[PDB]
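Protein sequences, first through last, are from chains E, U, B, W, V, Z, X, L, G and Y.
Using this note's numbering, read the first sequence as starting at 28 and increasing by one per residue.
Using this note's numbering, read the second sequence as starting at 42 and increasing by one per residue.
Using this note's numbering, read the third sequence as starting at 42 and increasing by one per residue.
Using this note's numbering, read the fourth sequence as starting at 42 and increasing by one per residue.
Using this note's numbering, read the fifth sequence as starting at 42 and increasing by one per residue.
Using this note's numbering, read the sixth sequence as starting at 42 and increasing by one per residue.
Using this note's numbering, read the seventh sequence as starting at 42 and increasing by one per residue.
Using this note's numbering, read the eighth sequence as starting at 42 and increasing by one per residue.
Using this note's numbering, read the ninth sequence as starting at 42 and increasing by one per residue.
Using this note's numbering, read the tenth sequence as starting at 42 and increasing by one per residue.
The beta-carbon is built from N, C-alpha and C at its ideal position, and this holds for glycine as well.
In what follows, a structure is listed as structure tokens, so that the remarks can point back to it.
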Amino acid sequence: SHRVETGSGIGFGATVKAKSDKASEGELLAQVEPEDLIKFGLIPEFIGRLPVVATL
Amino acid sequence: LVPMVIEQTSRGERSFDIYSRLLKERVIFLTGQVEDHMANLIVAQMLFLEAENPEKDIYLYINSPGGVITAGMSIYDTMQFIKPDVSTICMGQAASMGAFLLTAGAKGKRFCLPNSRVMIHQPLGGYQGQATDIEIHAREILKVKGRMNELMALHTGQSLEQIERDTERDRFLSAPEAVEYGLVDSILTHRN
Amino acid sequence: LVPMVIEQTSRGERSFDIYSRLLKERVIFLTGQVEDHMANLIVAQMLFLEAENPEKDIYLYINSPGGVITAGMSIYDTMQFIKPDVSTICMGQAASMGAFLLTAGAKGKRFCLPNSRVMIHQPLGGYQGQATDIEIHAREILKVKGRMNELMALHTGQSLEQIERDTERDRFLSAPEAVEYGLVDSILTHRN
Amino acid sequence: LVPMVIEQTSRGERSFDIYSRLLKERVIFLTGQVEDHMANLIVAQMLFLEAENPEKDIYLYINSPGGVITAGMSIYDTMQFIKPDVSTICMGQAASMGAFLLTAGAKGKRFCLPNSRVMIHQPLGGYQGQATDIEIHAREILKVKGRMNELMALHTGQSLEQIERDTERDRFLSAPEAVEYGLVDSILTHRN
Amino acid sequence: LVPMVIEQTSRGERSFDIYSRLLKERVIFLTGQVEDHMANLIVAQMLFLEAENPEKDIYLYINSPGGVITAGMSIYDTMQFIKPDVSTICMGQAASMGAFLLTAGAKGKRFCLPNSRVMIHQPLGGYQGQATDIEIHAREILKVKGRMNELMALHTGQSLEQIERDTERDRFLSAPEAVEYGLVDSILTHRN
Amino acid sequence: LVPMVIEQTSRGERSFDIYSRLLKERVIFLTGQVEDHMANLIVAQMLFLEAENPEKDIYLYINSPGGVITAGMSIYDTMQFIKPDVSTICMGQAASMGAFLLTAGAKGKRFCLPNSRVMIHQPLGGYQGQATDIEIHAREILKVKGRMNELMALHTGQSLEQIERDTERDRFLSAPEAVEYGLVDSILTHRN
Amino acid sequence: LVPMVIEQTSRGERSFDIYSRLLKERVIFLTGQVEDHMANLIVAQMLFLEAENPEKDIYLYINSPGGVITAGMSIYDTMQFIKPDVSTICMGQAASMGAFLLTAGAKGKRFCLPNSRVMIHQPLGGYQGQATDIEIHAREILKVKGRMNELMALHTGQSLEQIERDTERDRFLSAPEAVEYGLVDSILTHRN
Amino acid sequence: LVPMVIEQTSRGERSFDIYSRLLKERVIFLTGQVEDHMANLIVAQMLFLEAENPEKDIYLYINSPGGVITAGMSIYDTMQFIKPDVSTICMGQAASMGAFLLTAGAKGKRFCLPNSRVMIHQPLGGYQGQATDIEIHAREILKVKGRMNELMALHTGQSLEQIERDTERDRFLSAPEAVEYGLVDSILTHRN
Amino acid sequence: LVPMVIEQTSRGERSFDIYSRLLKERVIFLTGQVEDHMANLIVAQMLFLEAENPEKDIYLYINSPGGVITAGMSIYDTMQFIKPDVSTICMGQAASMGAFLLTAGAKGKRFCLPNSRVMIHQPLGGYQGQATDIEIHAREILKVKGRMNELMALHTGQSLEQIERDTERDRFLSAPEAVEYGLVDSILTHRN
Amino acid sequence: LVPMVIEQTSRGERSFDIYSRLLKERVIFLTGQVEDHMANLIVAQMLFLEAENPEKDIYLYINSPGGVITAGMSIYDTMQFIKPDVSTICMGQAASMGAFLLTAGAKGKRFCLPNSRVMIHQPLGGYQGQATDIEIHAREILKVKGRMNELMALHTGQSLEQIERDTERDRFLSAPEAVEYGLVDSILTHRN
């Protein structure tokens with residue numbers, strides 16, 4: 028979300044996830060990129076070994 | 042000196058201040074006079090707590106002798122804006138802004154201790170200058186009084202006229218009398 | 042300057058402050074004049090201690106010359122609210138507010154050092170303004186006076202009439218005399 | 042520096058200060074704050090004038106922003122005690138003590154200038170100390186409020202309820218309005 | 042130190058303060074800030090002259106930077122109350138209170154020096170307290186603003202609307218400008 | 042005094058300040074009187090955020106009673122210079138400079154809470170010295186007055202003439218009234 | 042600035058302040074005026090050391106000029122309560138409270154450097170108020186004198202009458218002279 | 042309080058200060074009165090950056106009302122000594138010393154924001170003592186005026202005579218006007 | 042600001058403070074006025090160094106202007122008590138107490154820089170109150186004078202009569218002169 | 042306030058303050074008035090640097106309006122004592138003591154920026170008391186004046202007579218003039 032939409036999670040203009048939007052996680056994950064995994068911690072080498080990615 | 046406390050977690054042990062530790066439990070302290078700097082700190086805490094869980098209640102402990110109306114309204118507007126309900130607990134003293142912020146909590150979550158004192162009165166102010174300027178400031182504060190009384194009547198439930206007459210001068214109320222007036226919903230005497 | 046102490050456990054060495062180290066041992070310090078900032082700090086400590094073990098007793102060391110009535114009542118209400126018993130120990134001096142919080146401890150768990158001094162008196166105050174406003178504050182402080190005496194009689198076991206006559210002016214009570222009055226239960230002299 | 046005026050006498054000439062000369066005409070000036078030192082001076086003037094003539098009226102000008110309550114009572118009581126009627130005239134404005142003294146003049150001898158403002162409010166005070174002492178001082182000043190209102194109602198010919206209601210807060214009255222309220226009799230237009 | 046001017050009168054050569062000497066010639070000096078103490082002294086001087094001759098003009102000088110508004114109303118009312126016409130003259134400068142007391146003189150005998158300035162503006166005040174009290178004082182000073190504009194307009198002859206616009210902010214008027222504005226009659230450049 | 046918070050992520054735990062934690066979310070607090078020191082800090086925050094992502098909006102919460110013009114204009118020029126849009130939210134109070142920095146935000150991103158007050162007036166100043174020096178400073182502040190009004194009319198959408206008359210004296214505006222004038226675009230009352 | 046020292050241990054090297062490092066060696070410093078804040082700090086240190094090793098002696102240095110009596114009676118009661126013997130070493134100066142806390146050490150474990158000075162006087166106080174209150178406060182200070190005089194006689198071995206005749210006025214005693222009265226036992230001049 | 046920021050690097054992540062973080066980007070802030078303490082801080086920053094990269098430019102944001110001349114020369118001489126070009130940006134205000142440091146930047150890199158005020162005047166000073174000392178100090182300050190005017194004429198490009206007449210008294214300049222004199226080369230209205 | 046330095050050791054790199062770094066090299070700094078707070082810090086430093094290795098001499102620099110005699114004797118008694126030899130070096134200035142601690146160093150290990158200054162004078166004091174109390178304090182300070190002179194004669198080697206005569210009035214001694222008087226043994230000019 | 046920097050190392054990187062980072066590069070800052078506290082800090086830095094490398098030079102940047110003479114001499118002796126040569130650079134200002142420490146650097150290593158002012162004057166002091174005491178202090182300051190002049194003539198190379206006549210009163214010198222006298226050896230304008 029900080030890479031594909033407004034980087035503000037806290038504030039009067041942010042978007043708090045309280046509308047029971049179960050689709051949010053699914054649609055967000057679909058936009059996953061290798062860089063996103065790097066920020067998560069995953070070493071670049073491991074990501075390269077896994078070319079195929081499927082979100083649920 | 043603010044004491045430190047240790048919190049045991051999966052990753053290990055984490056050190057926190059007594060105030061910061063309670064903030065993790067959705068507890069905010071409103072102590073001392075209400076000013077701009079202190080109010081902004083409380084606002085930041087409310088917005089911060091909303092992000093983790095917008096469905097969990099927030100507890101605001103109020104013990105203050107009063108303060109400026111502008112700073113208080115910032116906290117009042119923030120409380121109503123955020124989705125989670127704000128529970129107000131009165132410990133010690135609650136003045137004009139303290140009582141206004143005390144009765145602004147979620148209906149049914151406004152508590153008060155048995156030996157707590159609640160005071161309500163009209164706004165204070167003044168201005169020195171030309172008559173034209175005095176008229177402008179005089180009308181401004183008058184509108185604030187009416188705007189404050191309208192909100193006080195909404196939460197307490199009393200009529201606007203009753204709130205006006207009762208606030209002409211300082212009015213002291215105890216925990217039981219506060220319940221009758223509608224400023225609070227219950228009194229916390231003993232655990233469970 | 043507060044010194045730093047070390048705590049040895051089978052988790053890793055941790056450096057703690059002298060006051061913070063004792064907090065882990067259910068010990069809270071009440072020093073200096075009672076005010077809102079320190080009162081809210083003591084309140085936070087009590088709520089944190091009952092979370093770790095709501096069955097163990099909480100020790101409160103009282104060495105203060107008194108303070109604000111509202112600030113003290115915040116601590117009193119918190120003490121009588123939490124499930125664990127609050128043990129009060131008087132070291133040095135205990136004035137009007139300090140004595141009220143001293144005798145407010147759990148029955149049979151109030152201690153006093155042999156050379157400690159205790160003092161009790163009626164509340165103080167004052168107001169400057171219109172006569173109508175003076176009557177409002179005059180009646181308010183009187184209610185507090187009666188409310189404090191009623192609570193004092195309950196814990197000390199004396200009659201409301203005796204408390205009023207004795208608290209009319211300053212009354213100094215030594216440790217052996219406080220036991221007879223009821224403010225404390227026993228005196229600690231040596232570690233047996 | 043008061044300007045001296047030389048009026049010829051039996052010897053042939055004598056310089057007298059403006060105030061000393063006007064004193065012969067039964068004219069007393071009331072200026073500045075009212076206190077015990079200033080009040081006795083006026084009382085001395087009235088007593089001295091009474092000895093000169095116990096029938097002729099004594100003109101009194103009241104232009105001061107109030108002062109000590111007790112100081113005014115001495116002047117008020119002296120006016121009714123002495124036989125000569127004391128006409129009261131307000132110049133510029135009339136304050137708490139001024140208005141009380143203005144209406145204290147003999148009926149049909151109380152006048153005011155075309156451009157003058159009269160303000161009446163309840164007594165002001167304050168005390169700091171023990172609660173027991175506050176009640177004593179609170180009740181003492183309370184009696185003064187009732188006592189002063191009773192005297193004002195008697196001279197102004199107004200119901201005690203109206204005086205109490207109108208004296209709760211400051212109430213400014215112009216020269217024509219004072220006539221309708223009973224404080225004075227009529228305004229003073231151009232001579233003849 | 043005041044110089045001793047000698048006047049060989051009926052008694053013989055006898056010195057007096059320069060101001061006292063000018064008092065005999067029906068000349069009063071108004072200097073510095075306007076207050077109750079100074080205003081009261083002026084009232085005594087003007088009344089004394091009226092007793093000597095109620096049909097002889099007085100030559101009043103006004104050189105002051107302003108002062109208490111209520112203290113000035115006493116002089117204004119007194120000037121119109123007495124039969125003699127007071128010729129008002131401005132030396133050096135004229136301020137808010139000085140200007141009001143300048144045009145108050147009888148029409149046709151109001152002059153100003155060649156190098157003098159006159160300033161006019163609305164009254165200045167202020168109050169600190171509750172909203173209700175502020176409203177009371179706000180209306181009081183507001184009425185005074187309109188009251189002065191009416192009196193000043195009557196003597197000056199300008200329309201109430203025109204003067205009201207100019208009195209909102211400080212307006213400086215030189216000697217020739219005052220003549221055109223109707224505040225004075227002419228200018229005194231040289232004797233005869 | 043200032044509470045601390047933790048941000049839990051896959052990498053681990055990081056201790057952050059309440060104000061620093063919100064800075065990561067592109068939130069800047071403008072609290073207290075405006076001055077060079079606080080203004081410089083705000084500018085640094087804006088530049089740092091621009092470096093991180095020049096395409097993400099920045100939120101500025103304004104609650105201040107005004108301050109120095111030079112310090113304020115530094116923020117204004119910095120908001121318009123940086124590529125990201127700056128959203129302004131008024132909380133509690135927005136004075137002359139605070140309101141200028143409120144309406145200076147990006148169109149459609151200027152918000153205000155319902156219980157908020159906004160004030161606008163001409164700049165204040167002064168200078169003591171030679172006459173020729175006073176003319177320089179007097180002429181300079183006038184340019185600032187006109188220059189600031191030109192910017193207010195541009196952002197608000199009103200005319201220069203209307204702004205001049207409205208800013209002649211203090212003009213208080215509520216949240217609904219601010220929307221009409223154009224100082225803000227919407228009012229935030231409840232989330233969603 | 043307090044220097045930081047390093048301590049080598051099996052686990053590794055740790056950095057502690059000079060005072061904290063000495064605390065590990067059961068060394069407590071008593072410097073400056075005695076008050077409640079520093080007294081509680083010393084009490085905490087004594088209690089902490091007792092738990093670590095209730096059989097090892099504790100060293101308390103005394104370089105203080107005196108202070109509050111109540112603050113010094115807590116330390117005294119804490120030293121007599123804990124099991125381990127508390128050694129006292131006079132360093133430079135020992136006034137009433139310092140000397141009272143120097144002779145209260147364990148018999149046989151009291152020391153005074155060769156060029157140290159010891160001063161003993163009677164308690165000082167004072168009260169302003171009604172005569173009835175003065176008597177209450179006067180009787181209490183006289184009890185503290187008798188109480189402190191008796192404790193010194195017990196720890197020194199001198200008769201109560203001698204202590205009363207020697208403490209009436211300031212009595213300065215050198216280290217060799219203190220050994221003859223009983224305030225100390227031996228004098229430390231060299232390591233061996 | 043200064044907010045903290047975390048910087049992500051291959052080694053990990055460290056928390057930097059807002060001002061320290063911008064230092065990596067070769068950004069220095071000159072805020073407040075110029076003095077020796079702040080001047081050396083800026084000097085050290087310039088030297089540190091020069092060592093890191095003697096080719097990359099340095100950005101200096103100047104928002105200051107002036108200060109000590111000697112402290113400013115320490116900065117001017119450092120800028121002209123280091124190899125990299127110092128880019129000067131006028132933010133909000135640039136007074137006598139600030140403007141001198143604004144025009145001392147590298148040619149074609151002296152920027153200014155549109156709403157910025159620039160003032161240049163004559164050096165200020167003074168001395169008290171003997172006549173011989175006064176002339177000694179007087180001749181010293183005079184040399185500074187000519188020495189400073191010569192340098193300003195070099196960077197701006199104007200004649201020395203023109204600078205002397207302009208700097209005789211306070212000369213206020215705007216962003217467009219400053220470009221004409223030569224103090225700045227371009228105006229920064231919006232990035233790119 | 043105190044600089045921080047890094048020490049490379051076998052175990053790794055450690056970051057110490059400039060003052061704490063020199064403490065590891067048996068160096069202690071005695072700067073500023075002598076008081077109880079700084080004296081205890083020096084005492085703690087000496088004891089800590091003795092425990093580490095009581096065979097290596099300790100270096101004590103002296104750039105103090107004097108102070109209380111009680112806190113100074115605490116350092117003197119500690120120097121003569123500890124086993125290692127304390128080498129004193131006079132840097133800049135050595136006053137009454139600063140010179141008493143300089144000459145109180147180990148024989149042959151007392152140094153002074155060539156431009157250092159040394160001053161010695163009798164003790165200062167005073168007291169207010171009853172004549173009886175003055176007699177007690179007068180005889181006490183005299184004992185200190187005689188005792189300090191006795192110690193001064195011991196280290197320097199001069200006769201007690203010469204010390205008493207030279208100490209009556211302030212006596213300034215340069216580094217070479219101090220060597221002949223016995224205050225110091227050698228002068229350090231250049232390394233090796 | 043003080044920025045923090047990083048020093049990339051083979052093993053990793055450590056954070057340092059701007060002032061301590063330059064200390065690693067053998068750079069010491071002498072800013073502000075000279076006193077014992079900052080002088081001893083500089084002394085410690087000089088000693089620490091020669092231990093790391095007794096052959097490399099040390100740079101001392103001087104910008105100060107003079108200070109205490111005794112504190113400065115401590116630095117002078119330390120510079121002449123240590124084996125490595127100390128390079129002095131004047132930035133902005135150099136007063137009486139600053140100039141003495143500037144010319145006290147090693148030959149061919151005394152630099153100064155082009156726009157720098159240098160002032161040299163005789164020491165100033167005073168003493169209040171008896172005539173005998175005044176005489177003693179007068180001789181001391183006179184000797185200091187002579188010694189300071191002798192040392193200045195040594196480093197500068199001028200005759201003692203020239204220095205005495207030049208330093209009799211304040212003498213301001215620029216960078217080129219300083220070279221002629223001998224205070225400095227070269228001027229730094231641009232790198233390389």
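- Query: Between the segment 51-62 of chain Z and chain U, which residues of the former have a C-beta closer than 8 Å to a C-beta of the latter?
  - Reply: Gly-53, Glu-54, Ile-59, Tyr-60 and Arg-62
- Item | C-beta contact flag for V:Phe-57 and V:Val-46 at 8 Å | Looking up residue 57 of chain V in the fifth sequence gives position 16. Looking up residue 46 of chain V in the fifth sequence gives position 5. Contact: yes.
- Assigned secondary structure, V:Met-132 (DSSP; H/G/I helix, E/B strand, else coil): Walking along the fifth sequence from the start, residue 132 of chain V turns up at place 91. Here V:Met-132 sits in coil by DSSP.
- Query: Can the beta-carbon of G:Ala-135 be found closer than 8 Å to that of G:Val-159?
  - Reply: Within the ninth sequence, residue 135 of chain G is the residue found at index 94, counting from 1. Within the ninth sequence, residue 159 of chain G is the residue found at index 118, counting from 1. Yes; because the gap between Cβ atoms is below 8 Å, this pair is in contact.
- Item | Cutoff 6 Å; reference Z:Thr-173; Cβ partners in own chain excluding five residues on either side | As a first step, residue 173 of chain Z is located in the sixth sequence; it is residue number 132 there, counting from the start. Excluding sequence neighbours, Z:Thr-173 sits near nothing in its chain.
- Sub-8 Å separation of X:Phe-152 and X:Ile-228 beta-carbons: If you number the seventh sequence from 1, residue 152 of chain X lands on position 111. If you number the seventh sequence from 1, residue 228 of chain X lands on position 187. Their beta carbons are under 8 Å apart, which means X:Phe-152 touches X:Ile-228 by this criterion.
- Message: Is there a Cβ of chain L sitting closer than 8 Å to that of Z:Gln-121, yes or no?
- Response: Here the question's residue 121 of chain Z lines up with position 80 in the sixth sequence. For Z:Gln-121, the nearest beta carbon of chain L is closer than 8 Å to its own beta carbon.
- Message: According to DSSP, B:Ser-105 sits in a beta bridge with which residue or residues?
- Response: What you label residue 105 of chain B is simply residue 64 of the third sequence in a count that begins at 1. B:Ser-105 pairs with B:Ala-135.
- Message: Comparing C-alpha positions only, which one of L:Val-225, L:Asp-77 and L:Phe-89 sits nearest to Y:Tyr-60?
- Response: Along the tenth sequence, read from residue 1 onward, the residue named residue 60 of chain Y stands at position 19. If we check each option's Cα against that of Y:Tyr-60, L:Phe-89 comes out closest.
- Query: Which bits of chain L does Y:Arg-232 rub up against, with CB to CB less than 9 Å?
  - Reply: If you number the tenth sequence from 1, residue 232 of chain Y lands on position 191. Listed along the chain, the chain L residues whose CB falls inside 9 Å of the CB of Y:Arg-232 are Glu-91, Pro-95, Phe-122, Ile-123 and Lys-124.
- Task: Determine the direct distance from the alpha carbon of L:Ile-116 to that of L:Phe-122, and round the result to whole angstroms.
- Result: Here residue 122 of chain L corresponds to residue number 81 of the eighth sequence, with the count starting at 1. Here residue 116 of chain L corresponds to residue number 75 of the eighth sequence, with the count starting at 1. Answer to the nearest angstrom: the Cα atoms are 10 Å apart.
- Closest Cβ-Cβ distance between E:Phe-73 and chain Z: below 8 Å? For the purposes of this step, residue 73 of chain E is identified with residue 46 of the first sequence, where counting begins at 1. False, the Cβ-Cβ gap to chain Z never drops below 8 Å.
- Item | Sufficient close CB pairs (3 or more, under 8 Å) joining the segment 182-191 of chain Z to the segment 216-225 of chain L | Note that the segment 182-191 of chain Z does not touch the segment 216-225 of chain L; fewer than 3 beta-carbon pairs, one per stretch, sit closer than 8 Å.
- Message: From the DSSP secondary-structure annotation, give me the bridge partner or partners of G:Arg-151.
- Response: Numbered from 1 along the ninth sequence, position 110 holds the residue referred to as residue 151 of chain G. The partner list for G:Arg-151 (beta bridge, DSSP) reads G:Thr-129.
- Query: Do you know offhand how far B:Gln-163's Cα is from X:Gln-171's?
  - Reply: Position 122 of the third sequence, counting from 1, holds the residue named residue 163 of chain B. Position 130 of the seventh sequence, counting from 1, holds the residue named residue 171 of chain X. Spanning the two alpha carbons is a distance of roughly 16 Å.
- Message: Spatial neighbours of Y:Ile-204 within its chain, please: C-beta separation below 7 Å, excluding the five flanking residues on both sides.
- Response: Counting from 1 along the tenth sequence, the entry for residue 204 of chain Y is found at position 163. Cβ neighbours of Y:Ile-204 beyond the five flanking positions: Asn-190, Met-193 and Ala-194.
- Any idea what DSSP makes of residue 3 of chain L, helix, strand or coil? Any answer about residue 3 of chain L is impossible in this case: the structure gives chain L only from 42 up to 233.
- Kindly give me the distance between the Cβ atoms of G:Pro-44 and Y:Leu-71, rounded to whole angstroms, as I take these residues to be in contact under 8 Å. If you number the ninth sequence from 1, residue 44 of chain G lands on position 3. If you number the tenth sequence from 1, residue 71 of chain Y lands on position 30. Not really, about 13 Å apart at Cβ, beyond 8 Å.
- Query: What alpha helix (DSSP H) runs, 4 residues minimum, are completely inside the segment 43-105 of chain U?
  - Reply: 59-65 and 77-93
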